[PDB]
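Have a look at the structure below before the remarks.
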Amino acid sequence: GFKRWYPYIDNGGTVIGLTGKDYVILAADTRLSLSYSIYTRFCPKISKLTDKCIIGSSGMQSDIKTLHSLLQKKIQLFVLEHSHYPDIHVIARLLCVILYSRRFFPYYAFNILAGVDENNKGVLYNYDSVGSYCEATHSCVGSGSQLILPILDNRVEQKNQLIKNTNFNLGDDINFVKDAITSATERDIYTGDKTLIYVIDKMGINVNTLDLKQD
Amino acid sequence: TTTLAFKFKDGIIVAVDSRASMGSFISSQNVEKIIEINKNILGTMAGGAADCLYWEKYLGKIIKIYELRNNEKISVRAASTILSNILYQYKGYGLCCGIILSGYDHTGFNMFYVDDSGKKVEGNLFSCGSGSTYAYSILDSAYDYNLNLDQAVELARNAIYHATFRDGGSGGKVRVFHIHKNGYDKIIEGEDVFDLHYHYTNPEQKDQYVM
Amino acid sequence: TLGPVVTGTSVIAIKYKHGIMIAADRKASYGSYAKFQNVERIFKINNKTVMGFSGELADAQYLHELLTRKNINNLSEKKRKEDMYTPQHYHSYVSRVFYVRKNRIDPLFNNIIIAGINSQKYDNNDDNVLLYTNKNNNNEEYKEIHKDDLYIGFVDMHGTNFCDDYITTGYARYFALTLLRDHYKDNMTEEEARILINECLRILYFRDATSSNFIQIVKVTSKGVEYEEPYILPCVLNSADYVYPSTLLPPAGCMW
Amino acid sequence: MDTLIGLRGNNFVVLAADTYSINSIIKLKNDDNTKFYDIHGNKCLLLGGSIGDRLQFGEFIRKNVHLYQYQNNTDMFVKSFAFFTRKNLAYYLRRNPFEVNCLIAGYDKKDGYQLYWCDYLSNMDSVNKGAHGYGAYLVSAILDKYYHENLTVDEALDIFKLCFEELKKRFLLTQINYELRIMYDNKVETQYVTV
Amino acid sequence: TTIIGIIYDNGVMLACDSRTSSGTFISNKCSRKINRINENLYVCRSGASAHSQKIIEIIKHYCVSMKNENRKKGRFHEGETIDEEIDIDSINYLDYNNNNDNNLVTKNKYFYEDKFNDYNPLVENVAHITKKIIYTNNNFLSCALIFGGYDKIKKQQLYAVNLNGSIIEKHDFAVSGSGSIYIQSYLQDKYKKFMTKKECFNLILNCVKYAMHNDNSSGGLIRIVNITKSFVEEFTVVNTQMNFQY
Amino acid sequence: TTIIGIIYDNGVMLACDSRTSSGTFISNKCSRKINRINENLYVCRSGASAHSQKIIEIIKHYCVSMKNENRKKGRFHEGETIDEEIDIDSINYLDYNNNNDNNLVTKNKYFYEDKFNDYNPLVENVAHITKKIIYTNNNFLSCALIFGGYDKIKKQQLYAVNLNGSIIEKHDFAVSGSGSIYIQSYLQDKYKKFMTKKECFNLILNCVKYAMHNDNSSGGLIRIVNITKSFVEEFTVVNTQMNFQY
Amino acid sequence: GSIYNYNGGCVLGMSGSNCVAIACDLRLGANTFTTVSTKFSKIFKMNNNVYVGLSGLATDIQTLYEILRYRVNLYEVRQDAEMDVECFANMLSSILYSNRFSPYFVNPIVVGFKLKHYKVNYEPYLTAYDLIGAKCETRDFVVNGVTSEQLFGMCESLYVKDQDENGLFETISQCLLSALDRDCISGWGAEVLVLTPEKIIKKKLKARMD
Amino acid sequence: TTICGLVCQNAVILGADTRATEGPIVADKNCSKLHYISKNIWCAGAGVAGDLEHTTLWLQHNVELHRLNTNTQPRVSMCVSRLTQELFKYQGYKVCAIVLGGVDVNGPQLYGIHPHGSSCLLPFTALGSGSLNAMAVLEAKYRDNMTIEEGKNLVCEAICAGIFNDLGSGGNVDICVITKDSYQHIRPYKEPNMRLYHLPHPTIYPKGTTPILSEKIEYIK
Ligand SMILES: O=C(NC1CCCC1)[C@@H]1CCCCOc2cccc(c2)C[C@H](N2CCCC2=O)C(=O)N[C@@H](CCN2CCOCC2)C(=O)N1
Ligand SMILES: O=C(NC1CCCC1)[C@@H]1CCCCOc2cccc(c2)C[C@H](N2CCCC2=O)C(=O)N[C@@H](CCN2CCOCC2)C(=O)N1
Ligand SMILES: O=C(NC1CCCC1)[C@@H]1CCCCOc2cccc(c2)C[C@H](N2CCCC2=O)C(=O)N[C@@H](CCN2CCOCC2)C(=O)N1
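Shown next as structure tokens:
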């Protein structure tokens with residue numbers, strides 16, 4: 026006979042977020058993999074939702090694309106119906122309900138919402154596949170998350186250090202994001218090729234790239 | 061997860077930890093496990109994070125509509141019945157929800173436990189989550205309805221601490237809210253259990269504590 | 002469909018200086034049985050778009066029907082050449098069909114390649130479309154098409170979709186793709202593109218049991234979609250060690 | 001389920017268990033005696049699990065330790081006894097396992113009062129306090145909260161009473177009959193407690 | 031895999047494809063499925079590669095033991111005093133491959149040392165000990181074998197050792213492997229008793245070619261072994277493509 | 031089951047065995063696997079009997095609907111005015133059965149009513165609606181079909197509707213059923229373009245005979261349908277045994 | 002898989018200049034979420050130049066440690082010398098493989114000094137194993153246990169070549185603590201042993217107890 | 042894993058990547074996959090790491106024993122027989138896919154051995170998760186009678202194909218050339234993968250930042 030087809034596949038990759046006082050960094054590698062082969066070395070995981078809000082996801086690429094496009098559609102409809110752009114918090118709740126609407130046949134997507142609210146606070150929300158979400162100062166989804174989250178805990182919170190550091194700034198935070206993603210690339214077979222680093226601050230959204238290892 | 065609540069002579073104490081887990085990996089240590097249902101009703105979250113969050117927010121919406129329509133405050137019993145019916149409708153679907161609803165209404169202070177299987181149990185003292193047996197043992201050992209606010213808060217904190225000490229699923233921060241006739245107060249917004257261990261079990265801090 | 006029964010193996014599509022070159026052997030197998038040896042696996046969608054498939058033949062024929070009628074309706078509403086659907090449009094449509102079927106657990110058991118020319122500025126073919134006549138089979150020359158104006162998309166069973174300068178399906182995702190990632194380059198001539206595709210197909214013939222050496226090449230260029238004459242690929246073994254008789258080796262031990 | 005509790009202090013060790021013998025849905029006895037295995041030389045093995053496995057493993061351990069002590073005309077050290085027990089359980093784990101949980105207690109001049117906690121997989125560690133069974137979930141936090149070094153025997157018995165009241169009140173099986181073994185001052189005493 | 035044996039007037043011919051695959055992947059393009067057991071005794075392997083290889087190694091050892099035990103004491107034959121060659125090069129000629137690789141050994145021929153067949157094990161004996169080995173472990177072993185050889189008693193012979201460890205002697209032809217099902221009726225229709233060397237060679241080659249054409253599990257090149265009373269000839273054919281007028 | 035179709039110079043011939051089996055038991059000795067859809071359109075059935083029967087019944091209904099919708103209004107052809121016999125009796129002669137049953141109708145021939153092919157559904161259309169029906173329910177339906185027929189546009193045609201609901205047009209021959217695997221290479225080797233009626237008849241008969249010889253799931257008798265532009269001929273062959281010199 | 006989650010725990014090895022460090026968590030879990038002990042060391046001294054860290058199933062940890070102690074003691078009494086760390090590492094591999102099909106559910110590391118006798129030079133030596141004895145010789149760090157991914161991230165990010173004993177202690181302790189803070193079934197204390205040719209420093213860290 | 046070997050003029054050349062994985066995590070970034078069997082026989086290993094380590098060690102030591110007892114140059118055929126018999130005995134549960142190469146009286150030989158016990162004498166082959174990519178390159182570019190430098194370049198290109206196209210492969214490229222008179226193990230031969238981004242200054246924790254509960258110092262000798 027024929028076995029029942031499984032509707033899920035992990036296409037790999039990592040998304041990393043880090044808030045500041047007035048900025049948020051969201052970075053993601055661009056590899057797209059299938060089992061132990063590479064579909065393509067350039068498949069961006071971050072989509073722009075608003076001038077002040079982006080979304081980055083890891084998991085099944087078809088699900089991520091559909092969910093990003095659905096969220097963009099819903100947000101444009103919201104703008105037309107209500108005359109204003111939704112804040113990051115509104116989008117966070119909307120994404121929660123969208124994910125939970127499939128509670129019993131979930132999207133295979135782990136999503137980080139990054140943006141700056143009206144008060145110019147850097148904001149991060151990170152999600153599970155069924156809609157659970159929480160606000161955080163740094164987060165990471167995808168194959169490399171269990172490698173990266175300890176590093177950012179150590180650097181940002183410093184809970185286990187008596188002599189602490191309190192000099193945080195955008196350049197150092199970006200350097201930390203780059204080191205975290207490179208260290209993850211060192212050990213996670215599904216993270217590599219190239220990373221896009223998005224920075225949101227007062228002016229708006231800015232994009233830069235960093236090369237990762239190819240093996 | 062460890063959540064608990066109990067009645068005492070000045071109202072209801074509600075205490076929770078703040079850890080969220082994905083398998084054995086700690087997803088967060090700052091989640092908020094006490095959800096304001098309305099001005100006078102608090103809900104605690106145990107079990108699935110999405111299920112608890114969604115259905116307690118849905119209950120909040122239902123109660124808002126009810127209290128607009130009828131120009132009166134819903135009772136804790138009615139809120140718990142609504143939630144239990146909604147959850148029972150999803151029986152067999154695999155919802156994971158352990159919820160304690162506490163509040164004040166015209167019938168006084170009330171407390172109900174509601175789980176995904178449709179269970180709805182009125183009571184004066186509850187605990188849910190992986191760490192709930194430890195909280196239960198501590199509370200039952202040291203529970204008196206005539207405790208003052210300070211004693212009640214201290215007992216809730218100690219129970220949460222012991223639960224997080226013995227249960228790998230519980231930890232992070234302890235939050236202790238107080239529900240009274242005119243709403244609720246956050247007595248302890250969030251206190252790392254790290255300090256609690258070296259305050260209760262090993263104040264000397266000169267060698268590793270031995271269970 | 003519950004699983005593959007009659008299957009085609011692998012397709013290769015690459016951009017070169019005059020458009021798209023897509024290739025597939027003309028074989029459909031019933032398990033390990035090579036029942037059909039003259040099967041068309043690359044279909045014309047419109048004058049600028051082609052569809053290649055691997056996997057189940059019945060699902061591929063279904064999808065080809067869908068796209069044929071989609072192009073027909075497109076032509077029914079056309080008022081100017083710009084209105085014709087691009088390869089990107091068809092790739093989006095196919096990715097959507099696959100996503101919807103995944104959500105029902107009712108997928109088409111195919112991997113699909115949608116390739117073509119994503120511009121209308123290189124010719125006037127879509128000004129008077131002929132569905133049932135071909136004029137290419147006059148003495149004009151190909152126009153070089155900027156790579157950015159060319160499109161090669163991929164869709165798999167789960168709805169995974171992406172575009173690239175070269176796309177492979179099936180065993181070409183290992184054998185052909187390795188050589189392409191090593192050796193493909195922009196603005197290749199038809200000769201160089203054909204040579205590289207033929208090297209990939211030769212490796213596939215030597216290493217893929219489902220493959221054959223009867224190759225159909227299709228080109229999408231300023232002249233439209235052209236089906237080349239099918240041809241047998243000459244594949245000779247690359248070592249005399251294979252042909253050495255076994256009796257000339259030592260009779261003792263595991264000599265085989 | 002068989003609830004086992006152990007508490008060691010500077011000057012004592014106390015073990016306690018429910019006294020129920022269970023056959024499916026009925027209590028064969030309210031005064032079970034197949035859990036405690038007193039061993040010559042201020043040692044005690046306390047076992048939970050199936051009665052048959054309990055009897056087999058416990059009597060095997062007791063007989064082998066008595067044999068050792070008769071052959072070498074000396075008392076086995078408590079730590080040696082604990083690791084011999086663990087090793088035998090681990091030998092049978094991959095061949096024909098004894099599904100039994102153990103608390104091992106004793107006194108000797110070399111190490112004072114010792115308590116070892118061992119589970120049915122033969123995972124063992126020395127502990128100051130420990131419990132086995134489903135009632136462990138309900139007594140462990142009480143043990144943690146009320147234990148301190150320099151605890152007296154009477155204080156430890158009061159802690160055990162707290163544990164028994166919690167088991168009676170909150171545990172699904174309302175256990176109200178208990179037996180305790182108290183080791184201190186070079187003597188082993190037996191007590192029975194009803195809550 | 032396709033393995034064939036055909037008895038003709040003056041010998042027995044064994045042919046095979048050379049493809050070994052694991053699924054749809056071809057792990058070995060040109061394996062060697064026709065293996066010498068003794069100077070006049072060959073076996074064609076089918077089934078799982080590890081199984082047939084280890085079985086054949088064991089059988090070769092057994093055959094050495096039997097042969098050396100068959101040696102009689104003394105001297106013998108103090109007086110006893112003991119065909120049109122296949123144009124292999126023309127079979128293997130292709131227009132697009134002419135001197136493209138000049139160095140290519142496609143043929144070999146050798147003569148029997150045991151000229152009178154004084155000690156060479158009987159084909160039947162080796163085949164039956166193989167059947168015994170396969171049958172004793174037929175709960176695990178999955179491989180089908182064709183034995184071909186020449187002995188002074190029964191002359192040229194074919195023995196099919198089938199899956200599960202049964203043995204059948206064939207007096208015309210034997211076929212095995214997933215590819216032979218396709219050429220079953222072709223061979224049945226084209227075979228006749230007392231064929232010449234040339235007819236047998238052409239027939240066995242065409243059988244393998246058709247099987248490779250129709251079976252994905254078969255392919256590569258073709259190895260043909262011809263076993264006569266005095267010599268063994270081996271050929272490799274690399275012109276395997278099939279041309280249909282239609 | 032063995033079903034075959036072969037296109038020859040002046041028509042298309044369809045042949046089949048007649049055995050239907052339930053395991054090793056033969057539930058129907060002589061079924062009828064070649065069924066008339068329209069006067070010039072036949073289908074050869076393979077696979078599960080219930081599936082192919084109910085599919086063909088549905089298709090016959092669809093074909094009646096199509097045919098009557100194809101009828102144009104008015105009158106046409108107010109002026110338009112529109119081969120070696122098969123010695124079936126000698127094919128069917130056996131020494132041990134001579135007049136043992138005199139009453140035996142082994143042949144039938146009829147002429148098309150729609151002489152100009154004014155309204156008969158195209159072979160391709162009927163084949164494709166069948167493919168549609170099979171594909172829509174290919175999670176449950178297991179049956180492979182061969183369509184043969186003649187229409188004024190594409191002349192004699194063969195369409196293979198394979199398991200899972202794919203359709204391939206064949207321009208030389210088509211084979212299906214468990215028995216055809218055995219005659220695959222025999223037919224490939226013996227087929228040529230523009231065969232005569234006599235050559236095609238002999239070839240298709242021999243193909244079925246070899247398949248019945250080699251396949252236990254095939255047997256019974258042989259039914260041959262010959263479809264030309266003007267008439268349809270049907271034969272039954274009961275001399276199916278195969279005689280080998282060796 | 003879940004067998005390793007039954008108890009939890011992890012071990013970490015790191016080398017500096019003429020020094021090497023081995024660290025472990027102190028928890029003994031049961032049923033994956035119940036903490037039954039907070040002094041269950043995974044670090045064992047074979048001889049002055051050879052330590053082993055054993056994470057995994059506690060019964061298998063104790064059993065394997067006893068086997069290794071037996072073997073090392075026999076070897077050293079027969080030879081009248083301390084076992085070289087590489088010989089011990091190969092022996093551990095062979096012991097684990099000898100149970101190839103019913104293995105000990107352990108995730109060992111070996112940390113110590115390879116002595117190059119001219127005067128004597130002390131070269132740090134580190135090796136990580138799988139449960140059937142595959143070996144990974146390294147110069148910077150080794151990890152094992154259910155916390156392996158977090159330790160790998162922390163080490164890849166923070167390890168610094170050629171640190172002195174104090175720098176080595178701070179680095180390995182920070183790596184271990186950060187990794188443990190993200191694990192539900194590991195922690196409840198950390199022991200850190202910093203080795204030099206002259207002395208061993210044993211430290212217990214003021215770590216999280218939840 | 043990507044291992045490969047080919048035969049060239051009077052030499053056998055083996056090549057391997059150096060990644061070892063434990064699930065989706067890279068466990069060893071510089072593991073050795075080329076194994077010395079004898080001065081004239083090497084082998085490359087893919088599959089279960091422990092099985093490969095112990096099978097190749099057993100083979101090496103038995104081969105040395107045989108050489109001492111017979112005082113003759115070891116044969117590649119002997120390694121094939123011994124290895125295949127062992128692997129067959131374990132019915133593929135010893136997951137050892139091995140490319141065995143060497144030079145002896147019968148000239149340069151190369152064998153592809155599979156975990157179930159089959160073997161095949163070949164001019165070239167690749168094994169492991171990356172074997173399809175390496176085989177693409179080798180099929181494209183292999184030739185008879187290559188020089189040793191050409192063979193080294195081709196082996197390196199094949200291993201690099203595996204390294205860059207298969208997630209289970211990575212790290213450096215190791216090569217060994219085995220002739221009649223000696224071998225040459227080059228490790229690393231390529232080194233195509235390194236860390237790209239480095240932080241501008243390595244984090245050095247100030248002394249005393251980590252809190253401690255107890256500390257004891259114990260001197261040695
Ligand atoms: O801690 C938790 N409960 C406490 C924290 C708040 C309330 C109390 C639970 C503990 C286990 C819950 C078991 O019931 C489930 C019900 C539905 C789904 C899933 C589990 C699987 C889902 N999985 C597994 C991997 C992929 C995925 O989606 C998953 O475990 N989700 C995490 C959410 C953790 N965070 C997500 C974002 O940030 C806030 C919390 C989650 O529900 N944990
Ligand atoms: O004292 C012993 N021999 C006396 C008893 C008869 C006469 C002498 C030896 C001690 C030798 C020490 C060497 O280190 C090991 C070498 C090999 C294996 C193992 C350890 C681990 C193995 N383990 C560990 C738990 C599960 C398991 O299988 C295990 O301990 N095997 C026991 C045999 C135990 N049975 C023997 C007869 O008595 C009843 C019990 C064993 O080897 N003992
Ligand atoms: O790369 C690898 N082979 C190449 C690397 C060099 C030679 C070739 C394989 C690639 C995947 C194979 C996994 O199939 C197994 C089947 C049975 C047993 C085990 C594994 C054992 C074990 N398992 C199984 C899951 C739990 C566990 O632990 C496990 O995965 N071993 C890892 C290496 C382990 N480490 C040892 C020391 O550090 C380096 C790596 C391993 O063999 N990987």
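Protein chains in written order, with full-length UniProt numbering: chain S, 26 to 240; chain G, 61 to 271; chain X, 2 to 138, 147 to 265; chain B, 1 to 195; chain R, 31 to 112, 119 to 282; chain U, 31 to 112, 119 to 282; chain Z, 2 to 119, 127 to 218; chain Y, 42 to 262.
Even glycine gets a Cβ: it sits at the ideal position worked out from N, Cα and C.
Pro-32 (chain S) has a beta carbon lying within less than 7 Å of a beta carbon in chain X. Judged by beta-carbon spacing, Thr-43 (chain Y) lies beyond the 7 Å limit of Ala-181 (chain Y), meaning their Cβ atoms are not closer than that value. At a cut-off of 3 residues, the continuous stretches assigned as beta strand (DSSP E) that sit fully inside the region 78 to 127 of chain S are 78 to 84.
The chain-ordered list of residues whose CB is nearer than 6 Å to some heavy atom of ligand 2 reads B:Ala-90, B:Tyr-91, B:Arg-94, Z:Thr-64, Z:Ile-68 and Z:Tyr-71. Under the three-state reduction of DSSP output, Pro-131 (chain S) falls in the coil class, being neither helix nor strand. If you draw a straight line from the Cα of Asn-128 (chain B) to the Cα of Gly-9 (chain B), it is about 7 Å long. For the region 177 to 202 of chain R, no residue has a beta-carbon sitting nearer than 9 Å to a beta-carbon of chain Y.
Comparing alpha carbon positions, the residue from B:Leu-115, B:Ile-25 and B:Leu-67 closest to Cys-44 (chain B) is B:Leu-115. For the pair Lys-18 (chain X) and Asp-174 (chain X), the CB atoms are not nearer than the 7 Å cut-off.
Under DSSP, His-226 (chain Y) shares a beta bridge with Y:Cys-217. Near chain B, meaning a CB-to-CB distance below 7 Å, the residues of the region 184 to 197 of chain G are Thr-193, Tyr-194, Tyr-196 and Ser-197. Counting along the chain, the unbroken beta strand (DSSP E) around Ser-126 (chain B) starts and ends at 124 to 126. In this structure, DSSP gives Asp-165 (chain G) an extended state, which the three-state scheme calls strand. Proximity of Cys-244 (chain X) to chain Y, defined by a Cβ-Cβ separation below 7 Å, is not satisfied.
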